[PDB]
Every structure is written in C-alpha cells, then in structure tokens.
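Below: one structure, written as structure tokens.
What follows is calculated from the coordinates using simple rules that are stated; it is not laboratory data. Cβ coordinates were reconstructed from backbone atoms using ideal geometry, including for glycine residues, and neighbour counts include every protein chain displayed.
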Amino acid sequence: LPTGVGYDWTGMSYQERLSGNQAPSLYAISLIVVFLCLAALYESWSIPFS
Amino acid sequence: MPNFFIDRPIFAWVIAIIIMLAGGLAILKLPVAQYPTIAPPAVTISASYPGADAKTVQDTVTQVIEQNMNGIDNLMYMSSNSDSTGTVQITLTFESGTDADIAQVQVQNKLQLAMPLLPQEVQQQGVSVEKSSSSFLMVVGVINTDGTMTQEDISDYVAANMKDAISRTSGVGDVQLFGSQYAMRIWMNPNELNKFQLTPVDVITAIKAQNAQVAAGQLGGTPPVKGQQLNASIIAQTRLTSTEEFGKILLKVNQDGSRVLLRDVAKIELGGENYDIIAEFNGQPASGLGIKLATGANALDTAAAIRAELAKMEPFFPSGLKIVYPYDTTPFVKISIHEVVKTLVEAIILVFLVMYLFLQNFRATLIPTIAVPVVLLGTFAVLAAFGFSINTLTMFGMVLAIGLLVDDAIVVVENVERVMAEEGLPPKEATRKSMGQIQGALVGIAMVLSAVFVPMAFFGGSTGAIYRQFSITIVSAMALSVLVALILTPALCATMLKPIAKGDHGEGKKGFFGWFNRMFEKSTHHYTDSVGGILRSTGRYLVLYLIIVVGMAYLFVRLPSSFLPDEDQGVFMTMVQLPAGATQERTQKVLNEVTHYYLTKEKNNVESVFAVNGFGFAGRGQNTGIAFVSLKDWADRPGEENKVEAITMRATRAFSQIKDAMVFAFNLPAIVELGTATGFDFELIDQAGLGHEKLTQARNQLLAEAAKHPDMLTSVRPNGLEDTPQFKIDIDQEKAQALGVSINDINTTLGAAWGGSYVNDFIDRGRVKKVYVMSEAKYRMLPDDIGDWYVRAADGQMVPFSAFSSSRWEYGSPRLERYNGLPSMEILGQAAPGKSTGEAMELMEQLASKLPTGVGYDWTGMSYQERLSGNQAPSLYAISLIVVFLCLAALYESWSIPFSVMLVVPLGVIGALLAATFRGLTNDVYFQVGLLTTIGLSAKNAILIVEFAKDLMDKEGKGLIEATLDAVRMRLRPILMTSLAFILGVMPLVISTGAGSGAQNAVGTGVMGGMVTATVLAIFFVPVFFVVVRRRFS
Amino acid sequence: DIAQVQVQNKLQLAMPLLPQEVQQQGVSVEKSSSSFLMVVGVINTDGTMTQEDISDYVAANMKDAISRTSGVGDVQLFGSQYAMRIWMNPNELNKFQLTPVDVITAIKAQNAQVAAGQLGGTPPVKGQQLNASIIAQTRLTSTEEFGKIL
Amino acid sequence: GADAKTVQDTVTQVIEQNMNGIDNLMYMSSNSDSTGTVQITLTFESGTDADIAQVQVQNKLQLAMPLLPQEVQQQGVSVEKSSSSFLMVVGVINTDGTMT
Amino acid sequence: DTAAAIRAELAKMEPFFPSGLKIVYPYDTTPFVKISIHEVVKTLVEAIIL
Ligand SMILES: NC1CCN(C[C@@H](O)COc2cccc(C(F)(F)F)c2)CC1
C-alpha cells in the first residue's frame, strides 16, 4: 500500500497474533522446566538428555 | 539439608539455575526509578477564577469546595491557597498505603456535586483534580533561535504537534504543557467603544451570538413519509475558524447605514490564554513539556523513548525551532545506578582476590564467585515478586547486604578448607563435618538478622517507606544467602574442592604466598597468646568495655541527625522575589541579571538557565520568579569548587548585592517529592473566626516570641505573602439607579475590561480554542485609566465610572491560606544547631500556648510525621532485642550465653560513630542502615565464635579457657578475610567525590568505621564476654 | 468504594436534568450504616445561647471537621446553620408596589463578589511599574447591610 | 447536531488525548458519528481489574471534561465497563395484532 | 476507631468553645462494647485461675 498507511490486528486477531507469537517461548520454557525437574529428581544430566 | 545436597549436587545446581532464571526475568521486567513512592498520597484540586483577588476566590470557590470535602476515606489533612492571580489550590493528604486512584476518584466525585455551587466562570474554566504526590521525570523545552516565533507560538506548536506523540510514548504517564494553545484575543479600545455607542457587554453578546454551534436536523429523518428516498444530515451555523471571521462580527448598524464590526472597536489576534508566566531559555522565548513517568515503568527506558520520539520529530520542525532539556536528572540516576552496580561487581572481584590470598586455591575462590551472584539474582526475583523496583534505596541496600553475603560464602568455604587442612579428610567428608559444625549457627544467624532488620519495615510515614526498601532488600538477601549456604555452597565444596594433606597449611610454599602463610601463622599464634593473657584479667577489659559504651553514648548524642545526603545532580534552582507591587518587567530584569551572571561568571559550569517569570515557590505573581540552572557534565566540572554546593554559595554571594530583590540560589532536596530538612512546618489556625487581621497580629506575636529564642529556634519565618496595597472601587448603586445604569453592566464592564472574560470556543485548525475579551493593555494600567471606561444607561446615554463610583487604596492579602478548612498561616522553622527537632516543636507549642484567645495551632508536613512516629523506634528495637535474645537462647540452649553474643553491638557502633564524626557526616538513613549491617556482621562473627567454643566445651572435654582459645584461633581467619573484603569493597564509596557521592559517602564511611572497629575489638572482646558469662553463670 | 463510584457515575448523568434548586442545595451520595454510631449533643450551661445559636456554632465550627474524620459515613445536624433570613411583609411589598421577585433581584445584584481585574495586569505595557488587584463589590457580612439594600 | 469531523475535533480528540498512561491498556478504538455521538473503547490487558481501570479512566477523563462543549456536559459523558457482544435478545410481540 | 477519632477531634475543638458551651453524649453504645469485652476477658482470666 502507499507510504504512510500501516495496519494492525484488533480483537480476535490480536489474541490470535499474541498466541502465535508466544507459543515458541512457551514450548522452550516448558521443555527447560521438564529437563530441570528430571535432572533434580534423577540426579543426572544423562537421564534428562535421553 | 546440607547433608542432603552434598549427595545431590545436581539438585543443588538445578535450584541455583531456577534462582538465576527467576532473577534474570525479574531484572528484565523490574521497574527502574530514582526513588520509590515515599510521600503520602495527595490529591490536588486546582481552579481558576480570572480577574479575581484572593478574598473573592476564597469566599466564592475555596470555602465552597472545602465545605464539601466530606466522606473521603483515609484523609490525614487538607490545606488550601487562594491567590490574587485568581487561582485556588487545595491539597488533600491521605495516610500512607491509601490507594491514590481511589482517593482521587472520591475527591473528584465530591467536587462534581460541589460544582453547581461555584461561580459560572469557575465552572467554565474547569476544576481539575490531579495527583500532586509525584514529580516530573523530564522537562523538554522548545526554543526559537531566530526570533520569528514568540512564546505563544512555540506553546501552540508544542500543543498541536508534540504533546500527543510524547504522551503516546511508552512509559510516559503524564504530560503537562508549559503554556497553552492559541486563544482568540479581543483587545477592546474604550475610546472606540464609546465612539460607536457600545460597551464590553455588547461585544460579549455579539461574540456569543455569532460564534456558536447550532443543531439543525436531518433531511428525510425518521419518522419519514411513505416514499422518501433521500436521507441527509443538515449542517448549519458552525464555530468560526479565523481571526478575519471574528473581525467581521457585527455589533451594530448605525442609523445612517454604516456597519460597526468587531474590528472597529477592538483588535483581534491569536494570543495566549494567560500571560502571567513568561519562560525563557538562556534569554530566548521558550515553551516546554513536563513529563511524569508512568507507574511501573522504567525511567531510563522511558527517557530514551522520549528522546527518540523528539529526534524523530526534529526534521518536521519549523526553521529555527530547537529542543533542549533544562531539567534532565536522568543522567544522575544512570550514573548512580551504574556506580552501585560497579561497586557490586568490584566487591565480588575483591572477594575472589581475598579468597585466593588467604586460601591460595582457585576452586575455593570460584565457589563464592558462583554463590554470591546467585543470591543477588534471587534477591532481584524477590524484589520483583513483592512489587518493588530498582531504585537508589534498594540498590544501596544490596550494596550493604554484600557484606553479609560474602561473609556467609567465606564462612562456609573457609570452614571446609580448614577442616580439610587439619583433619586431612577428603572434600566430601570434610564438607559434611564442616556443615555439621556450622549449620545450626547459620540458621540461628538467619533468625537473628531477621530480628535485627525486619523492624525497619514497620516504621510509619515517609521515613518508614524509605526504611522499608532497605528492610525488604537486606532481609531477602540474607535469607537467600542462608538458603544458598545450606543448599549450594556445600555441594560446590564437595564437588569442586581438591583434597589437602593432613598437616599442610601453606608453610612449605615459597615466595610471597609462603611468606604470607608464615606471617599469618605467626600472627595467629601471637593473637592466641594475647587473648590467653587477656582472659586472665577480664576485669580491666570489662572496665574498658564500659568506657567504650560511655564513649559510644557520648558520640551518639553529639551526632547530628538528618534524612538523606544532598546530591550534586547537575541542576539547581534560584528563586527571585521582588517587593510587593512589582510588575512583570522588573522581575524580568532581575531574572536577566541572574541569567547573565550564570552564563558569564559560571560559563565553565553552567550549560543553560531556564528563567520563569511569573511563579516562584510558595506563590505565583508578577513579583516572583524561578530559574532552573542546568550544569555541565560532572567530567567537565572537576574539583569541589565546581560542584553544586560551591556554585550555589558563590551565586548567592553574588546576588546578595542585587537591590530591591531577594535572589537566593539553592540545591534540590534528596527527594524533591518532599521538601524536608531538620526543621518544622507549623500551622497557626483561626479557631474562632477572628479574621485575617487578628490572625496576622497573632502570627507577628508568635514570630517575635520565637525570635526571642535564638538558642533553640532558627529562621522562623512565615510561608506566605504580606498584605499589599489594593485598589478599591466603591460603587454607589443609588447613583447607578438614578442614572439608569444596571449594576450588572457596571460589574461586567469592569471585569471584562480589567480582568478579562472568557466568552466561548472556536475551531482553529481542527482544535477547540478559547475566545477571550479584555481591554487593550494601554487602557487598563493605572487608576486614572478607570476614567476612560463608560457604560450605557437605560436612557442610552453613556455614564463614566467616576459618575457613579469612587476609588481609594486599601490593604489586602495577595494569598489567603486555610488549613483543615479554617483560616491559617504557615510558619517554617528549624531547630538551632545542637537541638533536636522535637525540642523546637515543644518550644513552638509552648510559645503558641501564650497566643490570643481563639488562635490554635497544628503540625503539618514533616512535623506531622514526627508527631506520629516519635517513640516507635525504641519500642521496635526493644522488640528486636528481645527476639534476638530468644533466638540466641534457643540456639545455645542457655539463658545466659546469649549475652556474650549480644554484648558486641557497641564494638561496631563506636567505630561507625567515630568514622561519621571525623568525616562530619550526620545520623541519616544510610548511616543507620550501615550501622545495622555492621551490627549484624559483628553478631554473626560472635555467634560463630561462641558456637565453636561451646561445641568444644560440650561435645569434647576441653575446658572453658582452652575451648575459648581454640575457638578464637579457628575463627580468626574467616573474620579477618571477610572484614578485609568488605572494607576494600567499600573503599570506593568512602573516597568517591563525583555524581552521587553524598549517598555513597554516607553509606561507606559508617560501614568502614564500624567494620574496622568491630573486627579489631570483637576478636578479643567476644572471648572475654563468653568466659565471663560462663564463669558467672556456671 | 466501587459501589459508590458506580452510583455516582450514574447519578452525574441525571444531575443536569434535576431542577436547579435541587442542584444548588447539593445532592449527596453516602456509604454509611443506617443507624447512628453516636450522638454528640451540645448544650450551654450558662444558658446564654439559644438552641439556634448552639446549632449554628455546631454547624460552623464542629460539623465540617467531624464529617472529614475518617470512618464517619454521614453526619446529621440536629438543628441548622445560620443564614441571612429575609422575612418579607406582603403588605409593605404591596405598599411600595414590589414583589419577592424584586427582592430576590436586589439581593442578587447588591450582595455579590465580582472579579474586578488588576492594575497593571498582564499583558502589561512597557515601563509598567505598579501591579495591584482591583477590589470591588464584596459580599455583605451583617444584618445591617442587607437592610440597607436598595 | 455536530457532524463527525467537528465532534471528533471537539470531543474525541480531546478525550483520547488524556487516555495515554493508564495502566495495562492494550489499545483503544474510538468512533465519531454524524449525530454527534462519540464512543471510545479502551481495551486493557487480560487479568486487569476492570473496576480499577474504570476508576483510572474516570480520573483521566476529568482532565478533559471541562474542555468539552457545554451541550456535551449537559447531556453527560459516561465512563463504564463495556461489552461488544449481546448475551441475549429478548423480543416482545403481540399475538393479537392490536399493538403497533 | 471512628469514635476515638471523633472524641479526639472534639477534644481539639473544646479549648476554643464559647463560655458555657459543653459537649455531652446522649447516645453512645461504645461503652457497652468496652465493658462487655472487658467482662469476657475477666472471665477468661478467672477461668485460668480456677
Ligand atoms: N502557563 C505555563 C507557562 C510556562 N510555565 C512553565 C513553568 O512551570 C516551567 O518551569 C518548570 C520547569 C521544571 C520544573 C518545574 C516544577 F517546579 F513544576 F516541577 C517547573 C508554567 C505555566
């Protein structure tokens, strides 16, 4: 479009964009948390990695 | 717990990783501000009644609003000012912890119901309720370097183009315009008005009639006919848009057929809504935006965003328009926080170096280098959890807690090291033995330091809010340090430390390290022998301890008290006060002299001067002014003579020679949200409707009586303006009726001509702007100009003001004050040197008790806080002392041994007091928190010494003297190395002289002195206390 | 607090439609118990003050501060504050061909405080040396000035 | 009686000027109608206390209220928690046909 | 607490009253509350003694 006209998402689309944006960080944090829990419980890094 | 995590090092590492991740998340998400919310929440009501004196505003606005300020929750007090400029300013102060949003909504809601009772002009101008408990994050000035734009033009441009985008910047909480939009000014000529048979009333009526918005209707609107096909909105008369349109307004058509327009009887232009205040930046016209930071926002990021937005704006500006920053204290905040962070990092590095010097082991040194940062990150996480921010108080509290953190890490690592070097056990078994030795002591120490530091969180008022930051920070740091010492440090010792031979303690090494080991062994032997000799003659050293306690009490009573050190923030202020009746031009001349002096005699130090003519502090008028002087960067102002204190002293000395003006230069308070010192704010209330004159007489009597006590009260002065001449127009309404002149017309003519009248709005370039009608300046200057104004009568003949009104000169107040809804006068003072604030307050109460009947008094401001939180300290610390005794008795399973530990407080207190006294520092907040930290470290050392001694006495058959000597021998090294690390860490704070050096010196000098004397004295006084206690109570 | 906030937010929509007398008297929104926390009476032992004098003293010197005390939800004055009372005589109004409308207009015109402006007010002319507030008609303060209203 | 442009410049712009700086504000959308009506919906972050947000919006709206036309003030500027979806529609008819 | 605050405010007012003016408390249930709670506390102490 011409210069000076931008866009944005509002309402349902805003929430959809937020969910999509924050999904990968959620996955990374959950994987890290599970890895740390396994390392704490089984007293190892090999078992968490496997 | 220590044994659990020695077999599970990975679980300890997982806990540490969780703590570090939480701390990092907090650091990324924490707010940053110079100070937290310290002032009690306050809500301020502002109204304007143009052209009105103080009494008119007070009787028509102030009292009406004050009589409706009922049913508002958590209100400490209320005060109000009514100024001769026509403005009422009412401040309602609520208790700390009150929800500022709820207080503001309640205040405005009670005012919305009071609104119908106010004059229509006040309603038209609007009454605004705001939060005055906060200050400006930044001031962005806009100047014109070509002279093509006046102050009004710059203000209008800033309003139209800059205010919106600045307000939309992230983190910006509020934007106040230093100016106002354009206003359609109608400058009336009384001669032309009389020539064309007109008055100001006619001008206002014509403007209202011919400049309005009319609701027209709609074509084919519902309910329509059964065959309508077109529906359109009808547009009709709309507001005017240009000065030419206003000039064409028709006032009357003469009999001969001539047309009288508005331009015929007046000049039409685009001026300002108000002309009371003129802002200049280095002598050039200037406008500005005052930006307040939003709640929970990062001050540094917000300032950076504001600057980025301004830089984006720069290209589109009209030629000659420039952006300046007269009040930029953000650099001070940045440098202060950076200095604190550098202090923390250098403290960690020095801990590493001292650990390597004393233990000569790389992994042992690494262990604290891991432990301490974990505790710091956890402390950041804890601050974020409880809704705290990164500010000066919290960061200095962290600096203070570094001592305890490093002490814990050093204690654990050094004890494991010593067990390895003595018993020859491997790292795991040695760590088990060490933690079995010291874990109960660590837990008891955590409890004791909790008892020591928690009570500060329960102080009341602004001082209590200040102390709560340190309390929470240090308590969280200490708790996390203890948890780390119980969880991670044992695991790190068990997994990282290498084995050491049974008999190896560095003697066989060569070089500097071998020499140091031999010297330390010899010093330990000498110290052990000296302690053994001391224990044979404990009575002499008990007498010496009594001497130390007496000296401590003497120094404490002789040490002056304060709140916060005054800082060189790169800016300061200069107030100009001219005599009563001085006009804007005289104040402008004086401010020009001040600006010339600052830009010539201090050109090497001053970067710019922002002179505001029209309002100073504690008043606003043509005779008052304020200049905000900005200094160059500290790197460009080296030496004591080039700092704010010296510059202000020199400027005041230079300005003392200015005649017919009081010009006084001074520095900002530590927290600008409070104007506070070692002084008192006192209110003298008219409790029986005596009147203004009797209240003035009572105030004068009180001032004389206070001046008759120079040894206790200093500079007791009123915080207000004296009565000034006023011009009274006494209208004889009988003559007006006889001449057929309506008194309403007379009053409207007088007010519109001399006071100015707001008529209605108009749409300029798509923005609503006010329309003002006022007399042209030439005809409303002097009393004689009153004769130039005529008013039509019922007969149609003009009558002069002299025909139905007389004039004279009287005396009246240019500023009327009320406290708690009653007339009042404010008196500021301070206790004389060597006298406490409480004594000055008591003397002022005694002097007030001898005042005329019907005159009461009250304490407001900091005096109110003093009167509430007066005796709370000693009780809070008697509770703390009792809880410490109980915790120590639990730890040692003895009702008497706790005293041997508790008797160590004076050893550090005396050193802190001596260091403060020699350097001349005061008993301020930073000194007190450093004193508490020194007491905590000394108590920790004494607790460990007594624990070792009692363990030797009980778990082994060793005697009292033998156990004490062995305990002190074992504990000498960790004590000395921790003290060395902390002292070297605080050297930069002690020696600092740059930005933020006031707080740095206040924190560092007391810590240095207390730590030095605690380390020196405790190492041979704690054994004496333990031996004496065990002998007397066994 | 929120209940009162919402109630007042709805009431400020109706306020413009209420009669001007109701607005001038003052619409109030309280959040208080329906029963008195206490009753603070005021008497005169010497007997030198009438009930009206005591009521006026309580209203003018005691009621407002008590209403501002925290926790006080509502205050009911067992009496009333003083006001300047004009007891009209219809026979004398008819004698001079006057009505209560004329009396009210005269009171409004001759008992007022007017913003009269300033000497040397801003924007001033160059060389202006004097700045003073102009004082004009002030509100009457006694029961002798109202009696002199023409 | 004011078109969309005039009411926008006189009301909507003035009101939305002061709406910046309110806590937890995701965004805001306003519309100005030819009948002089103005709506300004401020959508806050999920989990925000709606009552506190309404109180803050009222506090910021006071700073603009006196700057609006007197006709607006006579009609009244309302601030209230809003929803954009109908929970239900309850219709009413007459089965006799007697009522219009 | 509100009754205590009211009494404190009245105490602040009294010094400036006209001659003969006096404050009385024709209706106040707070004394009943004080004596009731005190009586229950007394019964507790006597119960411990018994
Ligand atoms: N109509 C307008 C005309 C222009 N001025 C502007 C001055 O207020 C700016 O001066 C300052 C600068 C910095 C801080 C302050 C503080 F003290 F308020 F924090 C005041 C106000 C009224």
Considering only the stretch A:4-43, state which residues are among the acidic types (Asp, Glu) and closer than 25 Å to residue D:84 by Cα. A:8, A:16
Please give the strands (runs of 3 or more DSSP E) falling wholly within the stretch B:780-848 in which 2 or more residues are closer than 30 Å to residue B:720 by Cβ and not basic (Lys, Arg). B:805-812, B:815-819, B:822-831
Starting from residues that are within 15 Å of the ligand (Cβ to nearest atom) and of a type in the set (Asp, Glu), keep the ones in the stretch B:147-181 and report whichever is nearest to the chain's Cα centre (by Cα). B:174
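Would you point out which residue out of C:55, C:80, C:67 is within 30 Å of residue C:147 (Cα to Cα), part of a helix (DSSP H, G or I) and small (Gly, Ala, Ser)? Walk me through it before giving the result.
On the way: C:80 fails: part of a helix (DSSP H, G or I); C:67 fails: within 30 Å of residue C:147 (Cα to Cα).
So the residue among C:55, C:80, C:67 that is within 30 Å of residue C:147 (Cα to Cα), part of a helix (DSSP H, G or I) and small (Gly, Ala, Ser) is C:55.
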Pairs with Cβ under 9 Å, 6+ apart, first in the stretch B:257-282 and within 22 Å of residue B:146 (Cα to Cα), second near the ligand (Cβ under 10 Å from one of its atoms) and among the hydroxyl-bearing types (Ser, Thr, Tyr): B:272/B:155; B:272/B:180; B:279/B:155; B:279/B:287
For residue B:378, the lone unmet condition from (1) surrounded by 21 or more Cβ atoms within 10 Å (Cβ to Cβ); (2) among the small types (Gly, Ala, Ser); (3) assigned to a helix (DSSP H, G or I); (4) in contact with a strand residue (DSSP E or B) (Cβ under 9 Å, 6 or more places away or on another chain) is (4)
Can residue E:26 be described as surrounded by 14 or more Cβ atoms within 10 Å (Cβ to Cβ), within 12 Å of chain C (Cβ to nearest Cβ) and outside any helix (DSSP H, G or I)? no
All but one of (1) hydrophobic (A, V, I, L, M, F, W, C); (2) more than 27 Å from residue B:289 (Cβ to Cβ); (3) within 16 Å of the ligand (Cβ to nearest atom) hold for residue B:631, so report the exception by its number. (2)
Within the stretch A:1-20, restricting attention to residues that are under 17 Å from residue D:43 (Cβ atoms) and assigned to a loop (DSSP other than H, G, I, E, B), which residue is farthest from the other protein chains (Cβ to nearest Cβ)? A:9
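Given the structure, is residue B:33 touching an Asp or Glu at 6+ places or on another chain (Cβ under 6 Å), crowded, with 19+ Cβ neighbours inside 10 Å and within 23 Å of residue B:468 (Cα to Cα)? Break it down into steps so the answer makes sense when it comes.
Working: touching an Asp or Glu at 6+ places or on another chain (Cβ under 6 Å): no; crowded, with 19+ Cβ neighbours inside 10 Å: yes; within 23 Å of residue B:468 (Cα to Cα): yes.
Taking the combined requirement at face value, the residue does not satisfy it.
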Selection count where residues are of a type in the set (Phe, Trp, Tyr) and within 11 Å of chain C (Cβ to nearest Cβ), scope the stretch B:767-788: 1
Would you say residue B:70 is crowded, with 19+ Cβ neighbours inside 10 Å and farther than 22 Å from residue B:865 by Cβ? yes
Taking the stretch B:182-212 as the search range and keeping residues that are surrounded by fewer than 21 Cβ atoms within 10 Å (Cβ to Cβ) and within 13 Å of chain D (Cβ to nearest Cβ), which one is nearest to the ligand (Cβ to nearest atom)? B:208
Which numbered condition residue B:303 misses (of (1) assigned to a helix (DSSP H, G or I); (2) buried (at least 20 other Cβ atoms within 10 Å of the Cβ); (3) more than 16 Å from the ligand (Cβ to nearest atom); (4) not charged (D, E, K, R)): (3)
Looking at the stretch B:280-288, is at least one residue part of a loop (DSSP other than H, G, I, E, B), more than 14 Å from every other protein chain (Cβ to nearest Cβ) and within 16 Å of the ligand (Cβ to nearest atom)? yes
Inspect all residues belonging to the stretch B:308-321 and state whether any of them is within 16 Å of the ligand (Cβ to nearest atom), away from chain C (no Cβ under 14 Å) and not in a helix (DSSP H, G or I). no
For the stretch B:832-858, enumerate the residues that are touching a residue at least 40 places away in the same chain (Cβ under 8 Å) and within 14 Å of chain E (Cβ to nearest Cβ). B:848, B:850, B:851, B:852, B:853, B:854, B:855, B:856, B:857, B:858
Those residues of the stretch B:572-607 which are away from chain C (no Cβ under 14 Å), in contact with a helix residue (DSSP H, G or I) (Cβ under 8 Å, 6 or more places away or on another chain) and not acidic (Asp, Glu), in sequence order: B:572, B:574, B:576, B:594, B:597, B:598, B:601, B:604, B:605, B:606
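If you check B:570, B:614, B:581, which single one turns out to be in contact with a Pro (Cβ under 9 Å, 6 or more places away or on another chain), within 16 Å of the ligand (Cβ to nearest atom), at positive phi and not polar (S, T, N, Q)? Can you show your working first?
Details: B:614 fails: in contact with a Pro (Cβ under 9 Å, 6 or more places away or on another chain); B:581 fails: within 16 Å of the ligand (Cβ to nearest atom).
Answer to the check: B:570.
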(1) within 14 Å of the chain's Cα centre (by Cα); (2) outside any strand (DSSP E or B): which one isn't true of residue D:42, the others all being true? (2)
Filtered residues of the stretch C:103-142 (kept if over 24 Å from residue B:584 (Cα atoms) and at the interface with chain B (Cβ under 7 Å from one of its Cβ atoms)): C:109, C:110, C:113, C:114, C:137, C:139
Scan of the stretch B:748-773 for residues that are buried (at least 20 other Cβ atoms within 10 Å of the Cβ) and in a helix (DSSP H, G or I), ordered by number: B:749, B:750, B:751, B:752, B:753, B:754, B:755
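For residue B:997, are the conditions met, namely being within 30 Å of residue B:329 (Cβ to Cβ) and among the small types (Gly, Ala, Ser)? Explain how you work it out, then say what you get.
Numbers: within 30 Å of residue B:329 (Cβ to Cβ): yes; among the small types (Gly, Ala, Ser): yes.
In short, yes.
To keep it simple, each residue is scored yes or no on (1) in contact with a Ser or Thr (Cβ under 7 Å, 6 or more places away or on another chain); (2) on the phi < 0 side of the Ramachandran plot.
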{"position": "B:822", "(1), (2)": "no, yes"}
{"position": "B:827", "(1), (2)": "no, yes"}
{"position": "B:830", "(1), (2)": "yes, yes"}
{"position": "B:835", "(1), (2)": "no, yes"}
{"position": "B:854", "(1), (2)": "no, no"}
{"position": "B:866", "(1), (2)": "yes, yes"}
Scanning the stretch B:883-915 for residues that are buried (at least 22 other Cβ atoms within 10 Å of the Cβ) and hydroxyl-bearing (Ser, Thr, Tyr) gives B:900
Scan the stretch D:29-66 residue by residue and report those that are within 15 Å of residue D:2 (Cβ to Cβ) and facing another protein chain (nearest Cβ under 9 Å). D:34, D:35, D:36
Identify, please: which residue in the stretch B:96-146 is over 30 Å from the mean Cα position of the chain (by Cα) and free of Cβ contacts under 8 Å to residues at least 40 places away in the same chain and is, among those, farthest from the ligand (Cβ to nearest atom)? B:116
Selected residue (criterion: farthest from the ligand (Cβ to nearest atom)) from residues of the stretch B:252-273 that are crowded, with 18+ Cβ neighbours inside 10 Å and not charged (D, E, K, R): B:260
